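Participant: Following this message is one structure expressed as C-alpha cells.
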Amino acid sequence: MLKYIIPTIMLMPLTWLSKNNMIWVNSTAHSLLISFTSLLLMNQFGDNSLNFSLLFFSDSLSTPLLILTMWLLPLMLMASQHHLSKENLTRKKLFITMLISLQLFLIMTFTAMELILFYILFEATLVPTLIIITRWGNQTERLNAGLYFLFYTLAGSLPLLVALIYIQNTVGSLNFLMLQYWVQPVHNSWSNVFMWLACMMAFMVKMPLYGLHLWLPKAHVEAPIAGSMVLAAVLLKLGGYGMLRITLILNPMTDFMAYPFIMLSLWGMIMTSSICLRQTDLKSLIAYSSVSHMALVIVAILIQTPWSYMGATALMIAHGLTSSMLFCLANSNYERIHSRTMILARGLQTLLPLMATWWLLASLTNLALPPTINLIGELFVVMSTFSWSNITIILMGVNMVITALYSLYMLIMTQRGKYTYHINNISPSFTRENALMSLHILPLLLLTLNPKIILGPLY
Amino acid sequence: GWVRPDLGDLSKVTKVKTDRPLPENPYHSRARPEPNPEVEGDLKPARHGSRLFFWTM
Ligand SMILES: CCCCCCCCCCCCCCCCCC(=O)OC[C@H](COP(=O)(O)OCCN)OC(=O)CCCCCCCCCCCCCCCCC
Ligand SMILES: CCCCCCCCCCCCCCCCCC(=O)OC[C@H](COP(=O)(O)OCCN)OC(=O)CCCCCCCCCCCCCCCCC
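So the protein lines, in turn, are chains M and X.
Quick note on the entry's author numbering: the first sequence kicks off at 1 and runs consecutively.
Quick note on the entry's author numbering: the second sequence kicks off at 115 and runs consecutively.
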C-alpha cells in the first residue's frame, strides 16, 4: 500500500510548495492521478486476498471502498474551492491538508491487517473531520455538531478498544488473516453478551443505527460541502466495513444478539424515510435519507448471508456516490441563494435546465431505479431478508414507496412549479459545477455495466 | 616473681590452645533456601521484535 500512501503524503508538500494561484490546480491534478493508479488494486483472486505485507492487505471488500475514497478527494477539492475563494492562502492550504490527511487515514484504515491498527486509524479520522466541521462550517450550530459527532463516536469506540485488547490476550493475535483460522465459537454467557456489544456498538453508532443517529443530522448539515461529501460517502462506511470484518469472530451469538438491532433498523428505516417527507431543510432531508439507506446495510450485515453481504457491499458504494452527488447538488443552490430551506427557491428547472437533469438523475439513483447499482444492492438485501423472514417484505416494500415519495418530492419542490419572483441572482451553472455532478453520476452508471467489481468478497 | 604487665599488654589479642571443638552451627541456622536458577546463554535478538500489537520491529 506504500504505492498509495507515499503519493498521498506528497500531496501535502505539493500543496504547500505550489504557487499561490495554483494550489487548486496542482492538488486536483495529482489527486486524480492517484485515483487512477488505485485501479491496480483490482487484482483480486477467487480464493485468496491480495496480501501485501505484515501491515496491509486488500480484498474485494476494501478495494472498492479504497477506489471510492481516492476518487472523492479531487471531487471535494472541486466542490470546496468556490466557497473558500476569499479565505487567506495559509488557511486554504490547511483546509486542503485536512482533506489529504483524512484520505491518508482512510486508505490505511481500509487495508489495515490488524484490528488494533484498524482501530487507531479508525479513530484517527475523527480529528481532521472535527476540524473541518468546526473551523470551516458556516453556522453557529457547527460547534454543537462537532461535539455530538465526537462524543457519540468515542462513547462507542472506547468499549471497542477494551474488547479488541481482550481478544488479543485470549486469541494471541488481532491479525485478520489469523483470526480467519483461529476463530472459536462464542459461548452464550453474560460476559460474551457485553463483548458482543463492545465489538459492535462503535460501528453501529457510525452507520448510524436508528436511535443512535442524532449526531448525523447535525454533523452532515453543519459541515462545509467537502465535509458532507466525505462524511456521507466514506465515513459512514467505516461502520459497515468494521461490522463486516468483526462479525467473523462473533458467531453464533449474532444469531440472537442481532434481533434488537434488526428491529431498530427495519422500523428505523421507515421512521427516517417518513421524516424526509416533512423536512424543511434540503441538506437535512438528504442527511436523513442516508440514515434510511444505511439501515439496510445494518440489517444485511446482521443476517450474515452471502446474498446480504453482496448487497451490503453494493449499497455502500452506490450510496456513497449518490449521497455525495445530492449534497453537491444542494450546495450549488445554496451558493446562489445562501439558504438551505427547500421551499425558498422553486422552479429552478426553468432557470437552470442542465442542472435540473443532474437533479433528476440523482433522484432516480436515490430511489433505486433498475438497473442502477443502487437497485442491485437494495434488491439483493431484500432477497436475503425475505429468506430470513418472509414478513420483512412488508417493511421493505413500504420503505421503497416512501423513498420514491421523498426523492421526487425534493425534485418537484425545488425544480418544478413557478420560480420565486424575488430571487433574481440565479446565474447560469458553472463548468465546474457541471463537471462536479457528472463525475459522480458517470462512474455510478458505468458500474452498472460491470457490477461484479463492487459486490465484495462473497461474489 | 610477678611482673606487672606494661602499658598496652592486657589489650592484646592473644591465641589460646583448646580441645573444645569449633562449633559447627553456633546460630542453629536452618538450611538456606535454594537460589533461583541462573539465567545463562548468549543474548539473541527478540523474535520478530517487540511483538507489540501491529509493530513489525
Ligand atoms: C457504548 C455505546 C455508545 C453509543 C451511545 C452513545 C450515547 C451518546 C452519548 C452522548 C454523550 C453526551 C452528549 C455529548 C454531546 C455534546 C454535549 C453538549 O454539547 O452539551 C452541551 C452542554 C451545555 O453546556 P456548555 O456547552 O458547556 O455551555 C456553553 C459553554 N461551552 O454541555 C454541558 O453542559 C457539559 C457536558 C458534559 C458532558 C460531556 C460529554 C461526556 C460524555 C461522557 C460522560 C461521562 C460519564 C462519567 C460518569 C461516571 C460516574 C457516573
Ligand atoms: C433507542 C436507543 C438506541 C440504542 C439501542 C441500544 C440497543 C442495545 C440492545 C442490547 C440488548 C442485548 C440483549 C441483552 C439481553 C441478553 C441476551 C441473551 O443472552 O438472551 C438470550 C435469549 C436468546 O433467545 P433464543 O433465540 O430463544 O436462544 C436460542 C434458541 N433459539 O434472548 C432472546 O430471547 C433474544 C432476544 C433479545 C432481544 C430482545 C429484543 C427486545 C424487543 C426489541 C427491542 C428493540 C430495541 C429497543 C430499544 C429501546 C431503547 C430505549
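All C-beta atoms in this analysis are idealised placements derived from N, C-alpha and C, irrespective of residue type, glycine included.
Got a sec, what are the start and stop residues for the alpha helix (DSSP H) residue 400 of chain M sits in?
Facilitator: Residues 392-415.
Participant: For the stretch 184-241 of chain M, list the alpha helix (DSSP H) runs that are entirely contained and at least 4 residues long, ordered along the chain.
Facilitator: For the stretch 184-241 of chain M, whole alpha helix (DSSP H) runs of length 4 or above, ordered along the chain, are 190-206, 215-222, 225-230.
Participant: To be precise: take each residue of the stretch 108-136 of chain M, compare its Cβ to all Cβ atoms of chain X, and keep it if any distance is under 7 Å. Which residues remain?
Facilitator: Listed in sequence order: 114, 116, 117.
Participant: Please return the same chain residues whose Cβ sits closer than 8 Å to the Cβ of residue 107 of chain M, not counting the five positions on each side in sequence.
Facilitator: Taken in chain order, the residues that qualify are 1, 4, 5, 8, 66, 69, 70.
Participant: Let me confirm a value: residue 401 of chain M is counted as buried when at least 16 other C-beta atoms fall within 10 Å, else exposed. Which label applies?
Facilitator: Answer is exposed; the Cβ neighbour count stays below 16.
Participant: Would you mind working out which of M/135, M/264, M/49 sits nearest residue 84 of chain M, comparing C-alpha positions?
Facilitator: Residue 84 of chain M has its Cα closest to that of M/135, out of M/135, M/264, M/49.
Participant: Could you tell me whether the Cβ of residue 238 of chain M comes closer than 7 Å to any Cβ of chain X?
Facilitator: It does not: the Cβ of residue 238 of chain M has no partner Cβ on chain X nearer than 7 Å.
Participant: Could you give the first and the last residue of the continuous alpha helix (DSSP H) run that contains residue 168 of chain M?
Facilitator: Residues 141-171.
Participant: Is the distance from the Cβ of residue 141 of chain M to the Cβ of residue 87 of chain M below 7 Å?
Facilitator: For residue 141 of chain M and residue 87 of chain M, no; Cβs fall outside 7 Å.
Participant: In chain X, which residues lie less than 9 Å from residue 55 of chain M when you measure between Cβ atoms?
Facilitator: Going along chain X in sequence order, the residues near residue 55 of chain M (Cβ under 9 Å) are 168, 170.
Participant: Is residue 299 of chain M close to ligand 2? I mean its beta-carbon at under 6 Å from any heavy atom of the ligand.
Facilitator: Outside the cutoff, so no.
Participant: Would residue 50 of chain M and residue 43 of chain M qualify as a contact pair, given that the criterion is a beta-carbon distance under 7 Å?
Facilitator: Yes, these two residues count as a Cβ contact at 7 Å.
Participant: How many Å lie between residue 96 of chain M and residue 61 of chain M at the Cα?
Facilitator: When rounded, the distance between both Cα atoms is 28 Å.
Participant: Which of the three DSSP states, helix, strand or coil, is assigned to residue 431 of chain M?
Facilitator: Note: residue 431 of chain M maps to helix in three-state DSSP.
Participant: How many Å lie between residue 410 of chain M and residue 356 of chain M at the Cα?
Facilitator: Near 12 Å, if we compare the C-alpha coordinates of residue 356 of chain M and residue 410 of chain M.
Participant: Using CA coordinates, which residue listed in M/47, M/438, M/289 is at the minimum distance from residue 323 of chain M?
Facilitator: Among M/47, M/438, M/289, the Cα nearest to that of residue 323 of chain M belongs to M/289.
Participant: So, with DSSP's three-state summary, where would you put residue 57 of chain M?
Facilitator: Residue 57 of chain M falls in the strand class under three-state DSSP.
Participant: I want to check one thing, is the minimum distance from the CB of residue 159 of chain M to the heavy atoms of ligand 1 below 6 Å?
Facilitator: Residue 159 of chain M: yes, Cβ under 6 Å from ligand 1.
Participant: For residue 18 of chain M, collect the residues of the same chain with a Cβ closer than 7 Å to its Cβ; drop the 5 residues on either side in sequence, then sort them by chain order.
Facilitator: Excluding positions up to five away in sequence, the list reads 26.
Participant: Could you check which residue in M/348, M/373, M/388, M/398 has the C-alpha nearest to that of residue 429 of chain M?
Facilitator: The residue with the shortest Cα to Cα distance from residue 429 of chain M is M/348.
Participant: Touching or not, the stretch 233-244 of chain M and the stretch 301-316 of chain M, by the rule of three or more beta carbon pairs under 8 Å?
Facilitator: As far as the Cβ criterion goes, the stretch 233-244 of chain M touches the stretch 301-316 of chain M, which means the pair count is three or higher.
Participant: Using the Cβ count rule (16 or more neighbours within 10 Å means buried), how would you classify residue 391 of chain M?
Facilitator: The residue in question, residue 391 of chain M, is exposed, as its Cβ has fewer than 16 Cβ neighbours within 10 Å.
Participant: Indicate the three-state DSSP secondary structure (helix, strand or coil) for residue 112 of chain M in the structure shown.
Facilitator: Note: residue 112 of chain M maps to strand in three-state DSSP.
Participant: Among the residues of its own chain, which have a CB less than 7 Å from the CB of residue 346 of chain M, if the five just before and after it don't count?
Facilitator: Cβ neighbours of residue 346 of chain M beyond the five flanking positions: 413, 414, 417, 418, 419, 420.
Participant: Roughly how many whole angstroms lie between the Cα atoms of residue 218 of chain M and residue 327 of chain M?
Facilitator: Answer to the nearest angstrom: the Cα atoms are 14 Å apart.
Participant: Using C-beta distances below 7 Å, list every residue in its chain close to residue 185 of chain M, excluding the 5 sequence neighbours before and after it, in chain order.
Facilitator: Correct list, in chain order: 251, 252.
Participant: What would DSSP say about residue 156 of chain X, mapped onto helix, strand or coil?
Facilitator: DSSP places residue 156 of chain X in coil when its eight states are reduced to three.
Participant: So is the beta-carbon of residue 152 of chain M under 6 Å away from any non-hydrogen atom of ligand 1?
Facilitator: It does: the Cβ of residue 152 of chain M is within 6 Å (strictly closer) of some heavy atom of ligand 1.
Participant: Between which two residues does the alpha helix (DSSP H) holding residue 269 of chain M run?
Facilitator: From DSSP, the alpha helix (DSSP H) with residue 269 of chain M extends over 259-277.
Participant: In angstroms, rounded to a whole number, what distance separates the CA positions of residue 119 of chain X and residue 132 of chain X?
Facilitator: Residue 119 of chain X and residue 132 of chain X: Cα-Cα distance of roughly 24 Å.
Participant: Per DSSP, residue 50 of chain M is paired with what?
Facilitator: Partner(s): M/58.
Participant: Could you check whether the Cβ of residue 214 of chain M sits closer than 6 Å to any heavy atom belonging to ligand 2?
Facilitator: The answer is no for residue 214 of chain M.
Participant: For residue 341 of chain M, which three-state DSSP category applies?
Facilitator: The answer is strand: DSSP assigns residue 341 of chain M an E or B state.
Participant: Quick one: Cα of residue 197 of chain M to Cα of residue 455 of chain M, how far?
Facilitator: Those two C-alpha atoms are separated by around 27 Å.
Participant: Would the beta-carbon of residue 143 of chain M be found less than 6 Å away from any heavy atom of ligand 1?
Facilitator: Answer for residue 143 of chain M: no, Cβ out of range of ligand 1.
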